[PDB]
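> I am sharing structure.csv, which consists of CSV, C-alpha atoms and all ligand atoms:
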```csv
chain,number,residue,atom,x,y,z
H,18,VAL,CA,-96.6,222.1,190.7
H,19,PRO,CA,-95.6,225.5,192.1
H,20,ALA,CA,-91.8,226.1,191.7
H,21,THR,CA,-91.3,226.7,195.4
H,22,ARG,CA,-92.8,223.3,196.2
H,23,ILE,CA,-90.5,221.7,193.7
H,24,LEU,CA,-87.7,223.4,195.6
H,25,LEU,CA,-88.7,221.8,198.9
H,26,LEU,CA,-89.0,218.4,197.3
H,27,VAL,CA,-85.5,218.4,195.8
H,28,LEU,CA,-84.1,219.7,199.1
H,29,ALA,CA,-85.7,216.8,200.9
H,30,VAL,CA,-84.1,214.5,198.3
H,31,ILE,CA,-80.7,216.1,199.0
H,32,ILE,CA,-81.1,215.6,202.7
H,33,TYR,CA,-82.1,212.0,202.2
H,34,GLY,CA,-79.2,211.2,199.9
H,35,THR,CA,-76.5,213.0,201.9
H,36,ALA,CA,-77.4,211.6,205.3
H,37,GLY,CA,-77.8,208.1,203.9
H,38,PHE,CA,-74.5,208.0,202.1
H,39,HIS,CA,-72.8,209.5,205.2
H,40,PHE,CA,-74.2,206.9,207.6
H,41,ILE,CA,-74.3,203.9,205.4
H,42,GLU,CA,-71.0,204.3,203.5
H,43,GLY,CA,-69.2,206.4,206.1
H,44,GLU,CA,-68.1,209.3,203.9
H,45,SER,CA,-67.9,212.8,205.2
H,46,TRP,CA,-70.9,215.1,205.1
H,47,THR,CA,-69.3,217.3,202.4
H,48,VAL,CA,-68.4,214.3,200.2
H,49,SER,CA,-71.8,212.8,200.7
H,50,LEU,CA,-73.6,216.0,199.6
H,51,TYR,CA,-71.3,216.2,196.5
H,52,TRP,CA,-72.0,212.5,195.7
H,53,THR,CA,-75.8,213.1,196.1
H,54,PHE,CA,-75.8,215.9,193.5
H,55,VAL,CA,-73.5,213.9,191.2
H,56,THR,CA,-75.9,211.0,191.4
H,57,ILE,CA,-79.3,212.6,191.0
H,58,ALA,CA,-78.0,214.6,188.1
H,59,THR,CA,-76.9,211.3,186.5
H,60,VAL,CA,-73.3,212.7,186.1
H,61,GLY,CA,-72.0,209.7,188.2
H,62,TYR,CA,-68.2,210.3,188.0
H,63,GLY,CA,-67.6,207.2,190.1
H,64,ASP,CA,-65.0,208.8,192.3
H,65,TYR,CA,-67.4,207.8,195.1
H,66,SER,CA,-69.9,204.9,195.0
H,67,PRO,CA,-71.4,202.5,197.5
H,68,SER,CA,-69.4,199.4,198.3
H,69,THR,CA,-71.7,197.7,200.7
H,70,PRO,CA,-75.0,195.8,199.9
H,71,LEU,CA,-77.0,198.2,202.0
H,72,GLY,CA,-75.4,201.2,200.3
H,73,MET,CA,-76.2,199.7,196.9
H,74,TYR,CA,-79.9,199.3,197.8
H,75,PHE,CA,-80.0,202.8,199.3
H,76,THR,CA,-78.4,204.2,196.1
H,77,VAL,CA,-81.1,202.5,194.0
H,78,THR,CA,-83.8,204.2,196.1
H,79,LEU,CA,-82.1,207.6,195.7
H,80,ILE,CA,-81.8,207.0,191.9
H,81,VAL,CA,-85.5,206.2,191.7
H,82,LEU,CA,-86.7,209.1,193.9
H,83,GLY,CA,-84.2,211.8,193.0
H,84,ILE,CA,-83.4,211.8,189.3
H,85,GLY,CA,-86.9,212.8,188.3
H,86,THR,CA,-87.2,215.4,191.1
H,87,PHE,CA,-83.9,216.9,190.1
H,88,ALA,CA,-84.9,217.1,186.4
H,89,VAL,CA,-88.1,219.0,187.2
H,90,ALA,CA,-86.2,221.4,189.5
H,91,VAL,CA,-83.6,222.2,186.9
H,92,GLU,CA,-86.3,222.8,184.3
H,93,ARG,CA,-88.1,225.2,186.7
H,94,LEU,CA,-84.9,226.9,187.6
H,95,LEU,CA,-84.4,227.6,183.9
H,96,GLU,CA,-87.7,229.5,183.8
H,97,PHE,CA,-86.7,231.8,186.6
H,98,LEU,CA,-83.3,232.7,185.4
H,99,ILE,CA,-83.9,232.8,181.6
Q,18,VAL,CA,-99.7,204.0,178.4
Q,19,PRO,CA,-101.3,203.1,181.7
Q,20,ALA,CA,-98.9,203.6,184.6
Q,21,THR,CA,-99.2,200.0,185.7
Q,22,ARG,CA,-98.2,198.7,182.3
Q,23,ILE,CA,-95.1,201.0,182.4
Q,24,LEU,CA,-94.3,199.4,185.7
Q,25,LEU,CA,-94.3,196.0,184.2
Q,26,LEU,CA,-92.1,197.1,181.3
Q,27,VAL,CA,-89.4,198.5,183.5
Q,28,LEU,CA,-89.5,195.5,185.7
Q,29,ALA,CA,-88.9,193.3,182.6
Q,30,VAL,CA,-86.0,195.5,181.8
Q,31,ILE,CA,-84.6,195.1,185.3
Q,32,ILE,CA,-84.9,191.3,185.1
Q,33,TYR,CA,-83.2,191.3,181.7
Q,34,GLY,CA,-80.3,193.5,182.7
Q,35,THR,CA,-79.7,191.7,186.0
Q,36,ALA,CA,-79.7,188.1,184.7
Q,37,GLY,CA,-77.6,189.1,181.7
Q,38,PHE,CA,-74.9,190.9,183.6
Q,39,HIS,CA,-74.8,188.0,186.2
Q,40,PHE,CA,-74.5,185.2,183.7
Q,41,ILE,CA,-72.3,187.0,181.1
Q,42,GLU,CA,-69.9,189.0,183.4
Q,43,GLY,CA,-70.2,186.7,186.4
Q,44,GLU,CA,-71.0,189.3,189.0
Q,45,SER,CA,-73.4,188.5,191.9
Q,46,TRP,CA,-77.1,188.9,191.7
Q,47,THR,CA,-77.1,191.9,194.0
Q,48,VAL,CA,-74.2,193.7,192.2
Q,49,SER,CA,-75.9,192.9,188.9
Q,50,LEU,CA,-79.2,194.5,190.0
Q,51,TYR,CA,-77.4,197.6,191.3
Q,52,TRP,CA,-75.4,197.8,188.0
Q,53,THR,CA,-78.6,197.5,186.0
Q,54,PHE,CA,-80.3,200.5,187.7
Q,55,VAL,CA,-77.1,202.5,187.5
Q,56,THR,CA,-76.9,201.8,183.8
Q,57,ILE,CA,-80.5,202.4,182.7
Q,58,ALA,CA,-80.6,205.6,184.8
Q,59,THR,CA,-77.5,206.8,182.9
Q,60,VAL,CA,-75.6,207.3,186.2
Q,61,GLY,CA,-72.9,204.9,185.1
Q,62,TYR,CA,-70.4,205.2,188.0
Q,63,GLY,CA,-68.2,202.7,186.3
Q,64,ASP,CA,-67.4,200.7,189.5
Q,65,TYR,CA,-68.9,197.8,187.5
Q,66,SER,CA,-68.8,197.5,183.7
Q,67,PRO,CA,-68.6,194.7,181.1
Q,68,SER,CA,-65.1,193.5,180.3
Q,69,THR,CA,-65.9,190.8,177.7
Q,70,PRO,CA,-67.1,191.3,174.0
Q,71,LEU,CA,-70.4,189.6,174.8
Q,72,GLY,CA,-71.0,191.7,177.8
Q,73,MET,CA,-70.3,194.8,175.8
Q,74,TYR,CA,-72.9,193.9,173.1
Q,75,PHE,CA,-75.4,192.9,175.9
Q,76,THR,CA,-74.8,196.3,177.6
Q,77,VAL,CA,-75.6,198.1,174.3
Q,78,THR,CA,-78.9,196.2,174.0
Q,79,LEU,CA,-79.8,197.1,177.6
Q,80,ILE,CA,-78.9,200.8,177.0
Q,81,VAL,CA,-81.1,200.9,173.9
Q,82,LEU,CA,-84.0,199.1,175.6
Q,83,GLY,CA,-83.9,200.3,179.1
Q,84,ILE,CA,-82.9,204.0,179.2
Q,85,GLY,CA,-86.2,205.1,177.5
Q,86,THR,CA,-88.3,202.7,179.5
Q,87,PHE,CA,-86.7,204.0,182.8
Q,88,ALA,CA,-87.3,207.6,181.9
Q,89,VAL,CA,-91.0,207.1,181.3
Q,90,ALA,CA,-91.3,205.1,184.5
Q,91,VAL,CA,-89.7,207.9,186.6
Q,92,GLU,CA,-91.9,210.5,185.0
Q,93,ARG,CA,-95.0,208.4,185.8
Q,94,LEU,CA,-93.8,207.8,189.3
Q,95,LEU,CA,-93.5,211.6,189.8
Q,96,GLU,CA,-97.2,211.9,189.0
Q,97,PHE,CA,-98.3,209.5,191.6
Q,98,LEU,CA,-96.2,210.9,194.5
Q,99,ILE,CA,-96.3,214.6,193.7
Y,18,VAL,CA,-89.1,213.7,161.5
Y,19,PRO,CA,-90.0,210.2,160.2
Y,20,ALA,CA,-88.8,207.5,162.4
Y,21,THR,CA,-86.8,205.9,159.7
Y,22,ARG,CA,-84.8,209.1,159.0
Y,23,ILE,CA,-84.1,209.3,162.7
Y,24,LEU,CA,-82.7,205.8,162.5
Y,25,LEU,CA,-80.3,206.8,159.7
Y,26,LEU,CA,-79.1,209.9,161.6
Y,27,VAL,CA,-78.2,207.9,164.8
Y,28,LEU,CA,-76.5,205.3,162.7
Y,29,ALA,CA,-74.4,208.0,161.1
Y,30,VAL,CA,-73.6,209.2,164.6
Y,31,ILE,CA,-72.5,205.7,165.6
Y,32,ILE,CA,-70.3,205.3,162.5
Y,33,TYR,CA,-68.7,208.7,163.2
Y,34,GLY,CA,-68.1,208.0,166.9
Y,35,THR,CA,-66.7,204.5,166.4
Y,36,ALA,CA,-64.3,205.3,163.6
Y,37,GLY,CA,-63.1,208.4,165.3
Y,38,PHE,CA,-62.3,206.7,168.7
Y,39,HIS,CA,-60.7,203.8,166.9
Y,40,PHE,CA,-58.4,205.9,164.8
Y,41,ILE,CA,-57.7,208.7,167.2
Y,42,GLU,CA,-57.4,206.8,170.5
Y,43,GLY,CA,-56.3,203.5,168.9
Y,44,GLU,CA,-58.9,201.2,170.6
Y,45,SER,CA,-60.4,198.2,168.8
Y,46,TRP,CA,-63.5,198.5,166.6
Y,47,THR,CA,-65.6,196.6,169.1
Y,48,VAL,CA,-64.5,198.7,172.1
Y,49,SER,CA,-64.9,201.8,170.1
Y,50,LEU,CA,-68.5,201.0,169.2
Y,51,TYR,CA,-69.3,200.1,172.8
Y,52,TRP,CA,-67.7,203.4,174.0
Y,53,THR,CA,-69.7,205.4,171.4
Y,54,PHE,CA,-73.0,204.0,172.7
Y,55,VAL,CA,-72.0,204.5,176.3
Y,56,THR,CA,-71.1,208.1,175.5
Y,57,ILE,CA,-74.1,209.3,173.4
Y,58,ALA,CA,-76.4,207.7,176.0
Y,59,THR,CA,-74.6,209.7,178.7
Y,60,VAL,CA,-73.9,206.5,180.7
Y,61,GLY,CA,-70.2,207.3,180.6
Y,62,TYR,CA,-68.7,204.4,182.7
Y,63,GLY,CA,-65.2,205.8,182.2
Y,64,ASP,CA,-63.7,202.4,181.5
Y,65,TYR,CA,-62.7,204.0,178.2
Y,66,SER,CA,-62.1,207.7,177.6
Y,67,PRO,CA,-59.9,209.8,175.4
Y,68,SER,CA,-56.4,210.5,176.7
Y,69,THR,CA,-55.1,212.7,173.9
Y,70,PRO,CA,-55.9,216.3,173.1
Y,71,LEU,CA,-57.3,215.4,169.7
Y,72,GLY,CA,-59.4,212.6,171.2
Y,73,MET,CA,-60.8,215.1,173.8
Y,74,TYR,CA,-61.9,217.6,171.1
Y,75,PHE,CA,-63.4,214.7,169.0
Y,76,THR,CA,-65.3,213.5,172.1
Y,77,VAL,CA,-66.8,217.0,172.6
Y,78,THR,CA,-68.0,217.0,169.0
Y,79,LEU,CA,-69.6,213.5,169.5
Y,80,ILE,CA,-71.2,214.7,172.7
Y,81,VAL,CA,-72.7,217.7,171.0
Y,82,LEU,CA,-73.8,215.8,167.9
Y,83,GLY,CA,-74.9,212.5,169.3
Y,84,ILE,CA,-76.6,212.9,172.7
Y,85,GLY,CA,-79.6,214.7,171.2
Y,86,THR,CA,-79.8,212.4,168.2
Y,87,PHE,CA,-79.7,209.4,170.5
Y,88,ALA,CA,-82.4,210.8,172.8
Y,89,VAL,CA,-84.8,211.3,169.9
Y,90,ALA,CA,-84.1,207.8,168.5
Y,91,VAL,CA,-84.9,206.1,171.9
Y,92,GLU,CA,-88.1,208.1,172.2
Y,93,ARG,CA,-89.1,207.0,168.7
Y,94,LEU,CA,-88.1,203.4,169.4
Y,95,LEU,CA,-90.4,203.5,172.4
Y,96,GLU,CA,-93.4,204.3,170.2
Y,97,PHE,CA,-92.8,201.3,167.9
Y,98,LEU,CA,-92.4,198.7,170.7
Y,99,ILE,CA,-94.9,200.0,173.3
S,18,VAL,CA,-86.0,231.8,173.9
S,19,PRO,CA,-84.3,232.6,170.5
S,20,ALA,CA,-81.8,230.0,169.6
S,21,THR,CA,-78.9,232.5,169.4
S,22,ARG,CA,-79.5,233.6,173.0
S,23,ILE,CA,-79.5,230.0,174.1
S,24,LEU,CA,-76.1,229.8,172.3
S,25,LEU,CA,-74.7,232.7,174.3
S,26,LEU,CA,-76.0,231.2,177.6
S,27,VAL,CA,-74.3,227.8,177.1
S,28,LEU,CA,-71.1,229.5,176.0
S,29,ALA,CA,-71.2,231.5,179.3
S,30,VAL,CA,-71.7,228.2,181.1
S,31,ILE,CA,-68.6,226.7,179.3
S,32,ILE,CA,-66.4,229.7,180.2
S,33,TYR,CA,-67.5,229.5,183.8
S,34,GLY,CA,-66.9,225.7,184.1
S,35,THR,CA,-63.6,225.8,182.3
S,36,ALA,CA,-62.0,228.7,184.2
S,37,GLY,CA,-63.3,227.4,187.5
S,38,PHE,CA,-61.9,223.8,187.1
S,39,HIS,CA,-58.6,225.2,185.8
S,40,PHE,CA,-58.1,227.6,188.7
S,41,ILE,CA,-59.6,225.6,191.5
S,42,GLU,CA,-58.4,222.1,190.6
S,43,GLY,CA,-55.3,223.1,188.7
S,44,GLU,CA,-55.9,221.2,185.5
S,45,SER,CA,-54.9,222.5,182.1
S,46,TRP,CA,-57.2,224.7,180.0
S,47,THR,CA,-57.8,221.9,177.5
S,48,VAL,CA,-58.6,219.3,180.1
S,49,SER,CA,-60.8,221.8,181.9
S,50,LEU,CA,-62.9,222.5,178.8
S,51,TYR,CA,-63.2,218.8,178.1
S,52,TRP,CA,-64.3,218.1,181.7
S,53,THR,CA,-66.9,220.9,181.5
S,54,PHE,CA,-68.6,219.4,178.5
S,55,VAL,CA,-68.4,215.9,179.9
S,56,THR,CA,-70.0,217.2,183.1
S,57,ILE,CA,-72.9,219.4,181.8
S,58,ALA,CA,-73.8,216.7,179.3
S,59,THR,CA,-74.0,214.3,182.3
S,60,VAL,CA,-71.6,211.8,180.6
S,61,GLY,CA,-69.3,212.1,183.7
S,62,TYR,CA,-66.5,209.6,182.7
S,63,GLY,CA,-64.7,210.3,186.0
S,64,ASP,CA,-61.3,210.5,184.4
S,65,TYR,CA,-61.3,214.0,185.9
S,66,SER,CA,-63.2,215.1,189.0
S,67,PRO,CA,-62.7,217.6,191.8
S,68,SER,CA,-60.6,216.4,194.7
S,69,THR,CA,-60.9,219.5,196.9
S,70,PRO,CA,-63.8,220.8,199.0
S,71,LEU,CA,-63.9,224.0,197.0
S,72,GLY,CA,-63.9,222.1,193.7
S,73,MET,CA,-66.7,220.0,194.9
S,74,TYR,CA,-68.9,223.0,195.8
S,75,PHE,CA,-68.0,224.6,192.4
S,76,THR,CA,-68.9,221.4,190.6
S,77,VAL,CA,-72.3,221.4,192.2
S,78,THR,CA,-72.9,225.0,191.1
S,79,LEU,CA,-71.9,224.0,187.5
S,80,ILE,CA,-74.2,220.9,187.6
S,81,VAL,CA,-77.1,223.1,188.7
S,82,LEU,CA,-76.5,225.9,186.2
S,83,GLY,CA,-75.2,224.0,183.2
S,84,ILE,CA,-77.1,220.7,182.8
S,85,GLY,CA,-80.4,222.4,182.0
S,86,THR,CA,-78.7,225.0,179.8
S,87,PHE,CA,-76.9,222.3,177.8
S,88,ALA,CA,-80.1,220.3,177.3
S,89,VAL,CA,-82.0,223.2,175.8
S,90,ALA,CA,-79.0,224.0,173.6
S,91,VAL,CA,-78.8,220.5,172.2
S,92,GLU,CA,-82.5,220.4,171.5
S,93,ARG,CA,-82.3,223.7,169.7
S,94,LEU,CA,-79.2,222.5,167.7
S,95,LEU,CA,-81.3,219.5,166.6
S,96,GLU,CA,-83.8,221.9,165.0
S,97,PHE,CA,-81.2,223.7,162.9
S,98,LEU,CA,-79.5,220.6,161.6
S,99,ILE,CA,-82.4,218.2,161.1
H,101,K,K,-73.1,209.4,183.6
H,102,K,K,-68.3,207.3,185.4
H,103,K,K,-70.8,208.4,184.5
H,104,K,K,-86.9,215.4,178.4
H,105,K,K,-76.2,210.7,182.4
```
For this file, produce the structure as structure tokens.

Amino acid sequence: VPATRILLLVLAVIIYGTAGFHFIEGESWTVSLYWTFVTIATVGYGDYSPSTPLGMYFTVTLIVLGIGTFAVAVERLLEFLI
Amino acid sequence: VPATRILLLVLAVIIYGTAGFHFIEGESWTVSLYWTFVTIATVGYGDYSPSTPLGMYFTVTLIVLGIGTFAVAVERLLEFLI
Amino acid sequence: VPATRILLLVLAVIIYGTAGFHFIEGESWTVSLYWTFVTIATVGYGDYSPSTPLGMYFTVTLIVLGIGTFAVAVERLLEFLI
Amino acid sequence: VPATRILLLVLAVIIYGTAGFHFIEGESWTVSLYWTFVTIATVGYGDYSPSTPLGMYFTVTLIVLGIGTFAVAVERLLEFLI
């Protein structure tokens, strides 16, 4: 896949994760964007995490859709900077 | 391995992790499924974690059996959506 | 590398991580083995973590030496079960 | 990329992460170095994490720049020890 397409895909993942956490769990936009990156990178500090059943289901969907997309994006970003 | 077989394997991993956490650590089915995904993806928030010796041994077995299975499943899922 | 050699290497990693956490941070042998797996798999729940400067340095050494060894071991284990 | 160049790149990542966490979040140099390794390895215990908006943005930049660099460095280090 072209690197620019990979960029769009991970951006869509970031929008999906941020808006979902914000509306479902009620955290701020900034915290929700930070949590999304922390999650799809598998860092998972746990300073923020879903506490409702709907948020838990949503988080599973983000894990399944975003961790692989983020991994490919980082590998592509390595090629353009190194 | 065919992608559909990989699907069955990760599903078996999910059943194993969910039922084990539920019966060993006593959390609800929903929390146990959420914890299983969070674990085999290596996100590991830590909002839920085993607190008994048996749960700790079980969690090691799930880590050894599920992290690799989940990684292959996500890589295959990328091929079918991208 | 032969799969059996990879097995020995990750076992040495596990011994090193368990004994170090036990003696440096003072946790039990069982907790220390559980923490070692949780760490080298990058799950990192955070229910246990080093709280002394020496434990923090030791944990960095285990992260650098064990995460790659564990990743190869899981990939090899996939070949023998799938 | 030559293994020695990869070494320099991850070292630059470590300097960037340590100084940033120290100055932005105000933790000690030692804690900040430990947190940097824990983050770029994706272990993410969560015993330390950014609590300010600026620290959250900085942490995203470190996640995007350091996780891929660290992964290549560990894979190269495996070749020189195994
Ligand atoms: K983690
Ligand atoms: K954590
Ligand atoms: K974690
Ligand atoms: K890989
Ligand atoms: K991880």
> I want to know what sits within 7 Å of range 19-33 of chain Q, based on only C-alpha atoms, with residues of the same chain fewer than 3 positions away left out; could you give that as a list in words?
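Skipping anything fewer than 3 positions along the chain leaves residues 36, 37, 53, 83, 86, 87, 90 and 93 of chain Q.
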> Between CA of residue 39 in chain Q and CA of residue 60 in chain S, what is the distance in Å, rounded to a tenth?
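Result for CA of residue 39 in chain Q versus CA of residue 60 in chain S: 24.7 Å, one decimal.
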> Check every protein, DNA and RNA residue against ligand K 104 (chain H), keep those with an atom at most 9 Å away (counting only C-alpha atoms and all ligand atoms), and present them as a PyMOL selection string.
(chain H and resi 88) or (chain Q and resi 88) or (chain Y and resi 88) or (chain S and resi 88)
> Closest to ligand K 102 (chain H) among Q:81, Q:18, Q:62, Q:55, using only C-alpha atoms and all ligand atoms?
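Going through Q:81, Q:18, Q:62, Q:55 one by one, the smallest distance to ligand K 102 (chain H) is for Q:62.
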> If you count only C-alpha atoms, which residues fall within 10 Å of residue 78 in chain H, apart from same-chain ones fewer than 6 positions away, as a ChimeraX atom specification?
/H:34,72 /Q:54
> Give one line per residue of chain S that approaches chain H to at most 8 Å, naming the two atoms of the closest pair and their distance in Å to one decimal, counting all atoms listed in the file; sort by chain then ascending residue number and deliver it as CSV.

```
residue,atom,partner,partner_atom,distance
S:56,CA,H:60,CA,6.3
S:57,CA,H:60,CA,8.0
S:58,CA,H:60,CA,7.9
S:59,CA,H:60,CA,4.2
S:60,CA,H:60,CA,5.8
S:61,CA,H:60,CA,4.7
S:62,CA,H:62,CA,5.6
S:63,CA,H:62,CA,4.0
S:64,CA,H:62,CA,7.8
S:66,CA,H:62,CA,7.0
S:70,CA,H:47,CA,7.4
S:73,CA,H:51,CA,6.2
S:74,CA,H:51,CA,7.2
S:77,CA,H:54,CA,6.6
S:80,CA,H:58,CA,7.4
S:81,CA,H:91,CA,6.8
S:84,CA,H:91,CA,7.8
S:85,CA,H:91,CA,5.9
S:86,CA,H:95,CA,7.5
```
> Which value, in Å to one decimal, gives the distance between CA of residue 42 in chain Q and atom K of ligand K 102 (chain H)?
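Answer for the CA of residue 42 in chain Q to atom K of ligand K 102 (chain H) separation: 18.5 Å.
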> What is the CA of residue 69 in chain Y-CA of residue 49 in chain Y distance in Å, reported with one decimal?
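CA of residue 49 in chain Y lies at a distance of 15.1 Å from CA of residue 69 in chain Y.
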> Could you model N, CA and C atoms for range 56-70 of chain Q and present them as a compact mmCIF listing (two decimals), keeping the file's coordinate frame?

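Saved file part-v1.txt follows:
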```txt
# COMPACT_ATOMS: atom_id res chain seq x y z
N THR Q 56 -77.11 201.71 185.24
CA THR Q 56 -76.90 201.80 183.80
C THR Q 56 -78.17 202.47 183.14
N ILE Q 57 -79.36 201.92 183.38
CA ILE Q 57 -80.50 202.40 182.70
C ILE Q 57 -80.94 203.82 183.18
N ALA Q 58 -80.44 204.25 184.34
CA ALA Q 58 -80.60 205.60 184.80
C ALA Q 58 -79.59 206.57 184.16
N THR Q 59 -78.56 206.03 183.49
CA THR Q 59 -77.50 206.80 182.90
C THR Q 59 -76.51 207.35 183.94
N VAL Q 60 -76.59 206.90 185.19
CA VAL Q 60 -75.60 207.30 186.20
C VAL Q 60 -74.24 206.82 185.84
N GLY Q 61 -74.12 205.51 185.60
CA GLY Q 61 -72.90 204.90 185.10
C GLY Q 61 -71.63 205.20 185.88
N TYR Q 62 -71.64 204.93 187.19
CA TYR Q 62 -70.40 205.20 188.00
C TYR Q 62 -69.20 204.56 187.36
N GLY Q 63 -69.32 203.36 186.81
CA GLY Q 63 -68.20 202.70 186.30
C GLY Q 63 -67.45 201.80 187.34
N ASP Q 64 -67.98 201.68 188.55
CA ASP Q 64 -67.40 200.70 189.50
C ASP Q 64 -67.63 199.28 188.99
N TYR Q 65 -68.64 199.07 188.15
CA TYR Q 65 -68.90 197.80 187.50
C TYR Q 65 -69.17 198.11 186.00
N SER Q 66 -68.58 197.31 185.11
CA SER Q 66 -68.80 197.50 183.70
C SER Q 66 -68.37 196.22 182.96
N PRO Q 67 -68.93 195.94 181.79
CA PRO Q 67 -68.60 194.70 181.10
C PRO Q 67 -67.17 194.72 180.57
N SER Q 68 -66.47 193.60 180.75
CA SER Q 68 -65.10 193.50 180.30
C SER Q 68 -64.93 192.42 179.20
N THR Q 69 -66.01 191.78 178.75
CA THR Q 69 -65.90 190.80 177.70
C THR Q 69 -66.71 191.35 176.44
N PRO Q 70 -66.33 190.92 175.24
CA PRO Q 70 -67.10 191.30 174.00
C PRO Q 70 -68.57 191.05 174.12
```
